[PDB]
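**Student:** Below: the sequence, then the experimentally determined structure.
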Amino acid sequence: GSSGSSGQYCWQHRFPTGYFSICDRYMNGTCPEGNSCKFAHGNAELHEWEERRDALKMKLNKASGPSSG
Ligand SMILES: [Zn+2]
């Protein structure tokens with residue numbers, strides 16, 4: 001209604017350490033890590049993560065190196 005109908009998004013969660021998957025522990029019920037976890041904590045959360053990280057690439061690039069062990 002007010003403050004913009006569509007111009008209002010509420011997505012504030014942890015940052016995706018860098019992984020793009022769901023946390024089995026969290027999905028099961030409880031997770032050991034918690035906030036400093038590398039996995040996602042809820043289908044919804046993941047969605048946001050994919051973005052949060054997609055923001056870094058704004059300046060970062062893929063071509064970095066082989067890093068073959
Ligand atoms: Zn976790």
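**Tutor:** Arrived safely, thanks for sending. Numbering: from 1, shown residues only.
**Student:** CA only for contacts and neighbour counts going forward, please
**Tutor:** Fine.
**Student:** name the element the residue nearest to the spatial centre of the chain belongs to?
**Tutor:** Centroid check for the chain by CA atoms, centre = their mean gives residue 49 as the closest residue, at 1.9 Å. Residue 49 is part of helix 43-56 when elements are defined by DSSP states H and E.
**Student:** ok, and does that helix reach over to the ion?
**Tutor:** No. Taking CA under 5 Å from the ion as the criterion, helix 43-56 and the ion are apart, separated by no less than 11.6 Å.
**Student:** Up against the ion, what does this structure have?
**Tutor:** Within reach of the ion by CA under 5 Å from the ion, the chain has these residues: 23, 31, 37.
**Student:** what about the residue lying closest to the second one once chain neighbours are set aside, neighbour count?
**Tutor:** Just to be clear, that refers to residue 31. Nearest non-adjacent residue to residue 31, counting by CA to CA, 6 or more residues apart in numbering: residue 25, 4.6 Å away. Counted with other CA atoms under 10 Å, the neighbours of residue 25 add up to 15.
**Student:** centre of the chain versus stretch 30-47, how much separation?
**Tutor:** A distance of 8 Å separates the centroid of the chain from that of stretch 30-47, by CA atoms, centre = their mean, to the nearest Å.
**Student:** And that stretch, what's buried?
**Tutor:** Across stretch 30-47, burial judged by 16 or more other CA atoms under 10 Å covers 37, 38, 39, 40, 41, 45, 46.
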